[PDB]
Amino acid sequence: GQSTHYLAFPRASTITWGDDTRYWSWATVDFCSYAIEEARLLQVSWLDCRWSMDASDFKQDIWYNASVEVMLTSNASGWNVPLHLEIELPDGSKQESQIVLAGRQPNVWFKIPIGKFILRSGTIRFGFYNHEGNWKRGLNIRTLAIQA
Amino acid sequence: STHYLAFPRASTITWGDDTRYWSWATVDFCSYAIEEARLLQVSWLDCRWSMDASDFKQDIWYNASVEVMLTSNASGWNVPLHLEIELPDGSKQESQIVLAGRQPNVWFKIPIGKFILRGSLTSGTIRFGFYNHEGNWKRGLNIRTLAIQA
Ligand SMILES: O=[N+]([O-])c1ccccc1
């Protein structure tokens, strides 16, 4: 059946404004005996989180699925506009979908599916964004997961 | 801090797809389904992950470890288990460990080396893993994950 091949924690990603403590915080926690850092959004307007992995990390002729695991805080706001979800293949083609997070239950981890790919070479980009001029607040990011 | 975990389905293992030599066991890893690679017995022991240097950030010291468990059945571990990181320029971090006499049925993390990427080393394949190709038979090693930290 389907099992996880990789977990990529948000320190492996590029997060716009990620190093500015007005906008993002980083929190050290234990994940299954490994120290990780959650990326905790305080507030940002240009919300953009992208992991980049090469197509050579993966096997050929296999359907992969990706998800991002997040938590909304009690302070969540700005989620009335769709969060765009993307996988970008090396040729520039994209798997595009979206989710509206407004009104979702806070303080529970949930895994947002962000799409599927098959290889049948170069960079694959995984992640999510919303670039509208409103403030997004109160999303904590745990990990990207890639399964097959 | 941990940047990546790579589970053994993402590696290449000699005989790994032959149920006479290796079993794949579905377990939960803090809410993610993973499959442990459970060695029954093999003589050509070889497990390698490949990730591109572009997956990592430049000018950062990374360390890697493999998390394993010996079973009550373990044997053949008086030989050196070779541990390796091969960078895209062919340079290698090489070390070894003797697993004979280690306590079974607990996960333990074997450090396999450290690396930093600058200039042309920032692109091209990095190989991580372990091996022993001697004519003895190794038994009862279960592999959970490769971890890459910085
Ligand atoms: O790679 N090898 O030489 C090898 C492969 C399978 C069995 C024994 C030896």
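Just so it is clear: chains get the letters A, B, ... in the order the sequence lines come, proteins before strands, and each one is counted from 1.
- Applying the 6.0 Å contact sphere to CD of B:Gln103 captures no more than 12 heavy atoms from other residues, nucleotides or ligands.
- Side chain of B:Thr2 to main chain of A:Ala35: a donor-acceptor pair is present (N/O by atom type, distance under 3.5 Å, no hydrogens or angles).
- Linking ILVMFWY side-chain heavy atoms closer than 4.5 Å, directly or via other members, places B:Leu83 and B:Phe108 in a single hydrophobic cluster.
- Taking CD of B:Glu67 as the start and SG of A:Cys32 as the end, the distance is 8.0 Å to the nearest 0.5 Å.
- Remark: the backbone N or O of B:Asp55 is not paired with any side-chain donor or acceptor of A:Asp54 at under 3.5 angstrom.
- Following chains of ILVMFWY side-chain contacts shorter than 4.5 Å, one cannot reach B:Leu141 starting from B:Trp44, and the two form parts of different hydrophobic clusters.
- Within the 4.5 angstrom heavy-atom criterion, atoms from both the backbone and the side chain of B:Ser31 approach chain A.
- By the neighbour-count criterion of 12 heavy atoms within 6.0 Å, atom CG of A:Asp19 is sparsely surrounded, having that number or fewer from other residues, nucleotides or ligands.
- At most 12 non-hydrogen atoms from other residues, nucleotides or ligands lie less than 6.0 angstrom from CZ of B:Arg127.
- Ring-plane geometry between A:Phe31 and B:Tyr32 is classed as perpendicular, the angle between the planes exceeding 60 degrees on a 0 to 90 degree scale with a lower cut at 30.
- The minimum heavy-atom distance between B:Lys57 and A:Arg11, with the atom names listed, is CE-O, 3.5 Å.
- Within 6.0 Å of atom CH2 in A:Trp26, more than 12 heavy atoms from other residues, nucleotides or ligands are found, so the atom counts as buried in its surroundings.
- Between B:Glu35 and A:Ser3, the shortest heavy-atom contact is OE1-OG, 2.8 Å.
- Here the NE2-OG distance, from A:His5 to B:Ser11, works out to 9.0 Å after rounding to the nearest 0.5 Å.
- For a residue to count as touching a neighbouring chain, one of its non-hydrogen atoms must lie under 4.5 Å from one of that chain's; by this rule A:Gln147 touches chain B with the side chain only.
- More than 12 heavy atoms of other residues, nucleotides or ligands shown are found within 6.0 angstrom of NZ on A:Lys116.
- Distance check: B:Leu146 CG to A:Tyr6 OH gives 8.5 Å after rounding to the nearest 0.5 Å.
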